[PDB]
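As C-alpha cells, the structure follows; a few thoughts come after it.
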Amino acid sequence: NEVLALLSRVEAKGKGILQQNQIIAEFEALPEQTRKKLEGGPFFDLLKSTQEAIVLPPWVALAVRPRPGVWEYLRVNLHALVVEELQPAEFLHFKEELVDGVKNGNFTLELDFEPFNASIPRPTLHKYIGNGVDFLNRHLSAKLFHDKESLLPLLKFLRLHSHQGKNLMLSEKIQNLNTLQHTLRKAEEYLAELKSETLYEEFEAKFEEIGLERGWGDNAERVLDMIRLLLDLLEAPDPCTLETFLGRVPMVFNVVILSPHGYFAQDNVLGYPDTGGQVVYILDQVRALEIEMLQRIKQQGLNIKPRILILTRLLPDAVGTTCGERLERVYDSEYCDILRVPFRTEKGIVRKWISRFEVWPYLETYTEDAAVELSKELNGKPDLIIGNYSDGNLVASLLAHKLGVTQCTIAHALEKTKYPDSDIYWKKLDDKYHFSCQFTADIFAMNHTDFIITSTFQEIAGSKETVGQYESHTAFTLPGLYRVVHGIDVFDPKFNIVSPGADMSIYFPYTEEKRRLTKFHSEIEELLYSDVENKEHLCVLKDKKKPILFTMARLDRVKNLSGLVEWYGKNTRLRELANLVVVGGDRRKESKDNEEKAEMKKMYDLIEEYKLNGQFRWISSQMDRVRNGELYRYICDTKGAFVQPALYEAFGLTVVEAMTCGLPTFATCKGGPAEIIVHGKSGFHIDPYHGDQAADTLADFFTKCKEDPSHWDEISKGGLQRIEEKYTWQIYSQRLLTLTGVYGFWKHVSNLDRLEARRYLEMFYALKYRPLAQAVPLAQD
Amino acid sequence: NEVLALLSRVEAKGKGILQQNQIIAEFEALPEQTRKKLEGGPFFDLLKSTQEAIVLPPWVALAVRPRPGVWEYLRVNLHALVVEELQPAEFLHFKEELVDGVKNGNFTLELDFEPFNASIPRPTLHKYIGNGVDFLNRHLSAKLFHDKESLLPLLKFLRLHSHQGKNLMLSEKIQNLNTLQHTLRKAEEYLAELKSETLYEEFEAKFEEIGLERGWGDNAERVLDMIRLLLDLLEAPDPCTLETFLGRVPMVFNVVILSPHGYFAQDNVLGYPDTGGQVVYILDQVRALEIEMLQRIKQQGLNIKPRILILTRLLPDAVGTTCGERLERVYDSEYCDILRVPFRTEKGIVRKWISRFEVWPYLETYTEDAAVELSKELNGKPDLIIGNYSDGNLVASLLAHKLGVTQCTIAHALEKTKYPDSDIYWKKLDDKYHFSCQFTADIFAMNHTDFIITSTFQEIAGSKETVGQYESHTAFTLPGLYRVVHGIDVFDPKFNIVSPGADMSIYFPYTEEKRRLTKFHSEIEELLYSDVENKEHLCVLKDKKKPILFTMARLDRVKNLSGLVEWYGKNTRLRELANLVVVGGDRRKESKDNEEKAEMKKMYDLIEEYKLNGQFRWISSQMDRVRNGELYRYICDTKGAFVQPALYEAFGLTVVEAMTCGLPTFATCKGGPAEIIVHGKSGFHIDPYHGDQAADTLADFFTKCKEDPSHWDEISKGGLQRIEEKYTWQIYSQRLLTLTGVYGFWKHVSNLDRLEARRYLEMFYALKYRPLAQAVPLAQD
Amino acid sequence: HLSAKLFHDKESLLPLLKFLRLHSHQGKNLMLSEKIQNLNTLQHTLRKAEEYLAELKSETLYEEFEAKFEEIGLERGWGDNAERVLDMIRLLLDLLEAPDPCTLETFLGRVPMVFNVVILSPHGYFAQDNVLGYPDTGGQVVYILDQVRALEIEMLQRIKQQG
Ligand SMILES: O=c1ccn([C@@H]2O[C@H](COP(=O)(O)OP(=O)(O)O)[C@@H](O)[C@H]2O)c(=O)[nH]1
Ligand SMILES: O=c1ccn([C@@H]2O[C@H](COP(=O)(O)OP(=O)(O)O)[C@@H](O)[C@H]2O)c(=O)[nH]1
Ligand SMILES: O=c1ccn([C@@H]2O[C@H](COP(=O)(O)OP(=O)(O)O)[C@@H](O)[C@H]2O)c(=O)[nH]1
Ligand SMILES: OC[C@H]1OC=C(O)[C@@H](O)[C@@H]1O
Ligand SMILES: OC[C@H]1OC=C(O)[C@@H](O)[C@@H]1O
Ligand SMILES: [K+]
Ligand SMILES: [K+]
Ligand SMILES: [K+]
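Protein chains in written order, with PDB author numbering: chain D, 27 to 807; chain A, 27 to 807; chain B, 165 to 327.
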C-alpha cells in the first residue's frame, strides 16, 4: 500500500534537509498525520523504532533500532516505493552530506574497532549487557577446562605474583601443573586435620618448604577453601569457583584514581565550574574502597599498608581552597590521599583554572609528571588505575600503558549525548567546546581500558525506546574529521554496571529526629527565608509556610535551571502551591565559565520577566555536604519536592541524595534518572522538552498532597526503598575488587590478541589525539 | 676474556660519539688492535656479526646479526664487564638520543606490524626467504585437508569467478561441496571416453547442464587434467597440486602497472633524470607478460582480449618525447598501452616535470584521476595491479584498496639503503629529498600489498656478512617523527624472487656476426673516436686501439660516475692499459635535476685536475636501446670491460646487459650486483669505498688479458652462462601469473585476519602519509 | 595427512624427534643421539651440521666429519658421503619447517630401517626344487623366492648408501 507510506514521506520532505529525532519522527508524521494513518500493522513498527531520520531532498536515511544493541540502516525514496539497505558506513555518508555538502574524502579515516574485538565471541543476549564479567567468567571457565596450555597462565600468574619484594601464593619451586597439583593436595591434607582457627604462622614453616607463600588466608579454615578452589580450577572449572578464587587472591594494594579537571577538594569547592558529583563520587568511592581493601588484606593473612591516590590538578591561585597543595588526606580515612600535580609547558607551570573543555593540550605532560609523583608516594607500582571522565580516562590509559597496570574507566558522562548533534555539528562547536579532542579521547579510552564501570544499564544500552550513552558511540561521524563505523559495542564483555550511592552518614531520612542536625536551622532559615538580597541569595520568599520546590546543581546549559525557572514562572497554579528555591552558580565571585555566565544572565532576566520576587529564592553554590544533608531534610519538613530538569543527566547523584533523605523527586527522563526512578512509585519522570507539562505535573502532585497528605508519604517511602535496593556503597567496592581480579587475569590470557588493538590505539592517540590537542589554544597567565 | 674483551671496548670509546659501521666498528677496532686478539674464542663471533654500533658516553649499543633475518640488540658498558640485552625499541632509543639528544616523545608513534602478520606461521629457514609462495602453498595445502569450512571458499571462488559478464569454471547450479564433487566425477567419466583433441565446444552443451562453465581447457585432454586436479584438492591437497590448479584457472586479463615519475617513454628518454632501468624493466615486463596471458587464455579455451595498461604522468611540456600524449601503443605488442594522466591541483593541471623526490603531494589526486581513466580504457576491472617504486607502490595500494584487486609491489630500489643514515639523519635531508614521505610510503605499500616481487635474494635478506635491502627496514627510526620496531620481516611469505632479464633481440653475444648491426658502426666510431667536442661528447681519445673501460648510467650521486673518473685519473697503470668512456648526463640541455648538476661540475673539474684529455671520452645520454646493444658489442670488440662503480645499486640491469653481450663486467659489491656476479667466474666485484683497489683490479685484469687473451674469453663465457641460468624473461611471466593465482585465492581465505591490518594501514596513510605529503611544497608553473 | 598434521604443530613433531632419537640397531645408535632432547636443539644442530657440510667437497667420506657430528648429537645413518648427508639433513629441516608429502615420503623412505626381515609361509612344501606343482605349492613359493632376492639387493644398496 504505497499511497500511505508516500503520505508520510512527502511529509518528511516538507520538513527540508536536516536531522530528525524520533522525538519529531512520527510526531510530525504519524500522529500529526491525517486520520488516514489507520495503520498499526507493518511499517509502523519500523518507523516506531526509528532512532533518527536524516532527510535530504531525494532520499531519507533511517537508523532503526529493533532491540538495544541491534541496529539496521535504510535508505528510502522521499517520492518512490523503494527501500534499500545501508551499511553503517553508507548511512554515515548521508550525515556527512547533510553538513559539509559532500561525504568525507575517499581516503579520509574510518575508525573500526570491530575486527580487533574478535578475540572473545560476543554475547547477543540483553542480560549480559553491563554483565560482562559473568560472560567472561563462563568463557574463561570453559577455556580453562582440561587445557594444560590453558591452565599454565594461571600458574605463571600465581607464581610471579608478588608485592613490595615479598612473594605471594606460589613460590619459584612450583614449575608445572603437576608439582602444583601435588603441592595443593599435600597442603590440603595437612590442613584438613588442624583446628579451624589455627593461625597461618603455625603452618607457615611447612608451607614454605613445599612452595606455598602467604595470602591463601589468615587461618587454616580460610586457607583450606582457597587451596580447594584452586584444586577445583585445575580439575573441573566452573564460573562461580573461578570468580570466587580470582576475586579472593589479594591483588589490589596501591590504587591510582585520575580526575584532573575542576577544583577537586573536600571543602569550598562544590558547584564551581566543572566541580560536582564526579568529586562527590570519588571521595565516597575511595573511603568505601579502603575499608574493603583492609578487610581483604587481613582475611588473606597479610600486613600490607594500602595507599589510594587521587591524581588531580594543582591550582596555585584558587583561594579559599586546598587546591594549591600537593598532598591532602581524605577525611575519615587512613590511607587515601589527594595528590596534586601542576599543568605545565616549556614556559613553566600554568597557574589559572582551565575549563574541562580546554585541558587537552596539557594532558600528556601531566601524565609524565603524575607518573613521577605517584611513584614517590607509592611503595611498589599501582595495582589498579581508574580513569574518570574524558581527561581522566585519557590520562588513565597512558599511565596504564606506561606502567603495565590493569585499567578501569568511568565516564561519569559522555558529552556527545549531552550536546545533541555535537558530533555531526562538531566543527561549528569546536572553537568553544573542542569536542574533536574530547570525542577522540573518549573513543580511545573506551577501547583501551580493561574493564568499564557504569552507574546504570541505560548509560550503556539505554531503554527499549531510546539509545544508551555508550550505545550512541557505536556508529557516528565527525564530517571533515573522521568516521567511526564501529566505535564501541553495547555487548562488550568489558562493561559492568556497578551502582554508586550517597554517604549514609550525610544523607538519611528526614524522619529520624535523633540524627537531625538542628544546629544548622538558623543558617538554613536565613538562607531560605531572609529578606536580604545579595550574592548569597536573590529575591525573597513572601510566605514561609508554603512547601518548597527545590533544586541544587552546577549552573550550566544542560543542567537547565533557567528552564525550570521559566516553567515555574509561567504557571500560576504551581507558583500558588509552592515556593521555588534553586541553588546554582556562585555569585560571590566573578564567573570565569562560559555557560555559567550565560545561564546567570538568563536567570536575572527570568526574575524580571515573570516577576518572581516573593515566590522565588535563588541561592549560591552550597559547598558543605553536611549542611546540605540538613537542607534536604528541611525541604522535607515543608512537605515539598526535589526537581531535576536537565536536558540530559548522565547519572544524577542529587536524585539519589533527595530520595535518600525522603524527599519526593521529579527527575528528567533523559539519561540516568530514567532508570533510577520508577515513575509513580519511587518518584516521577518529567520531560525537559515539555516544561509546561512538567510544571502542571508538579502542580498536580502538590494538589493531591494537599487533599491527601499521605500521597506525599507514599512517594517518600517509595524513594527510600528504591535507594536501599539499588544504590549503596557497601556492595560497590567488593564488586570492583572482584572485577580487578578477574580482568587482571584475563589480561594475561587474552594478552596476545589485544596486541593488534593495542598498536592500533597507540597510533590513534599519536596521530589523531596529539595533533588535535596541540591545536587547542593554551591558557595565558 | 675479562682482560681481552675490556680491551676492544677500550679502543671503541676512542672514536667518540658517532655511528659505528661494521667496517669501521671492526676494521678499526680489531685489526688496529694487537696480537692480544687470541680471538678464536667466542667473543669474536658475536663481535664480527655486529652490523652497527652506537657510540655514546659510557654505553655503546650493538645491533647483532648472527644469520640473515635474525637480529639481537644489546648494550655493553664502555668501562665495565656488564652487557645487557636490548629490546628493538630500546636500541632505537640510542639512535634517537645520539641525534636529537633525547629519545622520541614517550607517547609518539611506534610502528609494529608484527602482530598484524600472525595469520600464517613464519618460516625460520633461509631457504624460504624469497620463496614464500612455496610456504603459503603448504599452509593452504594443509589448511585444506579434509576441512569443509576450509574448502567452501575455493568453491565460492570458482562459482563467483567470471569476466566481462561471462561465467567461468563453476555455474550457480553448484551450491555445495557435495554437488561439486558429484559433478566433477560425472564430467571426468564423460571426458575420459572422448578423443584427446576433442574441442571444448563438442562437450560444452553437456558441461552446461551439469554446471560447468568455460575455462577448464581448450580440448578434452586439458579439461580432464584440470578436473582431476580439483578433485585432488577436494580429496588429498598437496602443495604442487594446489599451485598448479590455481595457476591454471584463467584469472589475469586486465593488468594495471603504476609508474608515475620520470619521463616514461619508448624513445628520447633514457638517461634523463629519474628515467632508467625502471622504464626498461616495465616495457620488457609487459611484452613478456602479454605473450603469456594470450597463451593462458587460449589454453583454457577462451577468446578474451587482454589489456595491460602502464599508468604514468602526462607531461605536456616535454619536447622531443611522446610524454604528452594520453595513450601510446607499446612497441611489439597488440594489447599493451601506456596511459598518461596529468598531475593537478585545485588550480588545474601541472605541466612541468617534477623530481621523483617531490611528487608526493600529487599522488592521491593522481590515484583518483587514474581510476577514472583506466576505467574508461578497461572492459571490466583490473585483475592485477602492480606497483613500481615508491610512488607507484603508494598509488598501487590506494587503487587496489579502492577497486578490490590483487596487488603486487616491486621496489626497484629502496632509497633508505642508497642513502646511508638517511633515516636517522632524515631531518636535515628533508627539504631536499622528503624521505619522511618516501619511507612512509615504502613501509605503507610494503605491508599493504598481497605479494612482493624482488630481483634477487640480496634485495630481501642480503648476505651472511651484510644486511638486505628490505631487511634494513625491519627496525629503524626517524628521530622526531616516528620509530619502526618491526616494519617488515625478511621471512614474510609474500616475498618472491622473480628475476628479470635483458631483451634478447636487443642484447646478444658480440660474437654472432650475422646479427651485429653494422650500419651503426659509422655513428659509434664518431661517438667514441671523433675529435669533435660538444654537448654530445667531451674530450677525445688519442689512441683508438686501446681497450675501452665502459660505463653507461643516469648521472647522479649514488651512481658515482665521478668516483670512477677519479679512480681512473689517479691510476697510471690503468690509464696506460685502457681508455675510459662514460655515458651519463644529457648535456644537450640545461639540467633541471640537482644531483645531475652537482655531478656535472665534478666531471668537468676531474677532467682538468687529472688532465684526462686523450684518455677519456664523456658521452651524453644514449637513448636508443637498439644502438645501445651494438655499443656494448663494440666495446667487446676492443676487448674492454664494463664497470659499475655505484656506491649502492639495487639491481643493475646494465650489468645484465653487459654480461649478455659478452662484456666482462666489474660491478659494485654494494646491493644487487653482489648476487648477480660470481667473482672470478661470471665477473668481478669491486668496492666503491676502496676505489684505488678498484682501479688496480681493473689494471690487473687488463694486464692479464694482454698476457693471456683467453682470460678475457673465460670471463665473457662466465657472464653469458650466468645470465642464461638466472636472469631471463621467459620464466618470469609464468611465475608472475601463478603468483597472482595463488595470492588471489589466499586473499579470500585470509581475508578476516588481514582486516585488522587493513585498518591499521588505512589509519597510517590517512594520519601519517597525507599530512606529510601535503607539506611538500608544490611545483610552480 | 601426515604432511598436514605435521605442519606447524610442535606436539605433532615430537613423535618424529623421538622416533629418530630411539632409533638404533644392534646396540649402535643411529640418526640422532640421546643428546638432543627437544626441537629447538635439533633445529640448531641440523643447522650447524648443514653449514659445516656445505663447505666440504661432495665426495668427502662420512668418517671425516664423524668426529664433529658425534659431538653435536649426530649418529650414523645419514649417508655414506658428505653429498648424501647433506641432502638428508636438508630434508629433515624441511620437515620441521614446511612438511610436504614428497619430502616426508622421501625422508622416511631413506632412513635406514629394515635390516632383519621375517617372512611367513607355513603351509605347502616350500623349497627351491622338486616341489612346484605339489598340493598347496605354487606361485606363492615362486613369489617369495623372487621377492627376497630382489629385497636383499635393495637392502644392501640402501645400507651402503646410508653409511
Ligand atoms: O551547589 C552545589 C551543587 C552540587 N552539589 C553536589 O554536587 C553533586 C552533584 O552531582 P550530580 O551527579 O547530581 O550532578 P553533576 O554535577 O555530577 O553533574 C551532588 O552531590 C550535589 O549535592 C553541591 O553540594 N552544591
Ligand atoms: O644514458 C643511458 C643511461 C641508462 N640507459 C639504460 O637504462 C637502464 C638503467 O637501468 P639500471 O638498472 O642499470 O640503473 P637504474 O637507472 O635503474 O638505477 C639500462 O637498461 C641502461 O642501458 C640508457 O639506455 N642510456
Ligand atoms: O607343475 C607346475 C605347476 C606350477 N609351476 C609354477 O607355479 C607357479 C604358479 O603360480 P600362479 O600364480 O600361476 O598360480 P598359483 O599356483 O600361485 O595359485 C608358476 O610360477 C608356475 O610356473 C611349475 O613350475 N610347475
Ligand atoms: O556523577 C554523575 C554526574 O557527574 C557528571 C555529569 O556531567 C553528570 O551528567 C552526571 O550525572
Ligand atoms: O629494476 C630495474 C632498475 O630500476 C631502478 C634501479 O635503481 C636499478 O637498480 C634497477 O635495476
Ligand atoms: K608468587
Ligand atoms: K563462475
Ligand atoms: K638414535
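Just so you know, even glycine gets a beta-carbon here, dropped at the ideal spot from N, CA and C.
So with Cβ pairs under 8 Å, would you call residue 5 of chain A a contact of chain D?
Here chain A comprises residues numbered 27 to 807, so residue 5 of chain A is not present and cannot be evaluated.
With 8 Å set as the bound, which would you pick, yes or no: does the beta-carbon of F517 of chain A sit closer than that to a beta-carbon of chain B?
no
Same chain, Cβ closer than 7 Å to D300 of chain B, five either side skipped, listed in chain order:
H287, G288
According to DSSP, is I50 of chain A helix, strand or coil?
helix
Beta strand (DSSP E) segment containing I380 of chain D, residue limits
Neither: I380 of chain D is in no beta strand (DSSP E) and is coded neither H nor E.
Out of D:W386, D:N473, D:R653, D:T466, point me to the one whose CA is closest to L543 of chain D's CA.
D:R653
By Cβ distance below 8 Å, which residues in the same chain neighbour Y795 of chain A in space, the five residues on each side in sequence not counted?
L420, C463, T466, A467, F470
Distance, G303 of chain B Cα to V295 of chain B Cα:
11 Å
Bounding residues of the alpha helix (DSSP H) (the contiguous stretch that carries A168 of chain A):
158 to 169
Quick one: does the C-beta of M277 of chain A sit closer than 7 Å to a heavy atom of ligand 7?
no
Take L328 of chain A and list the residues in its own chain whose beta-carbon comes closer than 7 Å to its own, dropping the five residues that flank it on each side.
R240, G241, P276
Beta-carbon proximity of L33 of chain A to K62 of chain A, cut-off 8 Å
yes
Could you give the residue range of the beta strand (DSSP E) that holds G327 of chain B?
Neither: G327 of chain B is in no beta strand (DSSP E) and is coded neither H nor E.
Please name the residue, chosen from A:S556, A:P573, A:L272, that lies closest to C565 of chain A on a Cα-to-Cα basis.
A:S556
Could you work out which residue in A:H460, A:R370, A:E198, A:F771 is closest to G273 of chain A when comparing CA atoms only?
A:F771
Classification of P690 of chain A by the beta-carbon crowding that lies within 10 angstroms, buried from 16 upward
buried
Using 8 Å as the limit for Cβ to Cβ distance, is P286 of chain A near chain D?
no
Quick one: residues in its chain with C-beta nearer than 7 Å to the C-beta of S145 of chain A, no 5 flanking neighbours on either side, listed in chain order?
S776, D779, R780
So within the region 700 to 762 of chain A, which uninterrupted beta strand (DSSP E) runs reach at least 3 residues, ignoring any that extend past its ends?
710 to 712
Could you confirm whether any beta carbon from chain A is found closer than 8 Å to the beta carbon of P368 of chain D?
no
Inter-residue spacing [alpha-carbon to alpha-carbon] between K628 of chain D and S588 of chain D
6 Å
Ligand 8 heavy atom lying under 7 Å from the CB of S481 of chain A
no
Give the straight-line distance between the Cα atoms of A437 of chain D and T270 of chain D, rounded to the nearest whole angstrom.
27 Å
Looking at C-alpha atoms only, which residue of A:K331, A:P332, A:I336 is the closest neighbour of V305 of chain A?
A:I336
For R164 of chain A, decide whether its Cβ has a neighbour in chain B, counting only Cβ atoms nearer than 8 Å.
yes
Neighbourhood of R35 of chain D by C-beta distance below 6 Å, restricted to the same chain and skipping five residues each side:
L104
Residues of its chain near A720 of chain D, where Cβ-Cβ distance is below 6 Å and the 5 sequence neighbours each way are ignored
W593, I712
Residues of chain A with a CB under 9 Å from the CB of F790 of chain D: which are they?
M789, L793
Any Cβ of chain B within less than 8 Å of the Cβ of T150 of chain A?
yes
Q304 of chain D: CB within 7 Å of a non-hydrogen atom of ligand 4
yes
If you measure between the beta carbons of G67 of chain A and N27 of chain A, is that distance less than 8 Å?
yes
Between the region 117 to 136 of chain A and chain D, which residues of the former have CB atoms less than 9 Å from a CB of the latter, in chain order?
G131, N132, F133, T134, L135, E136
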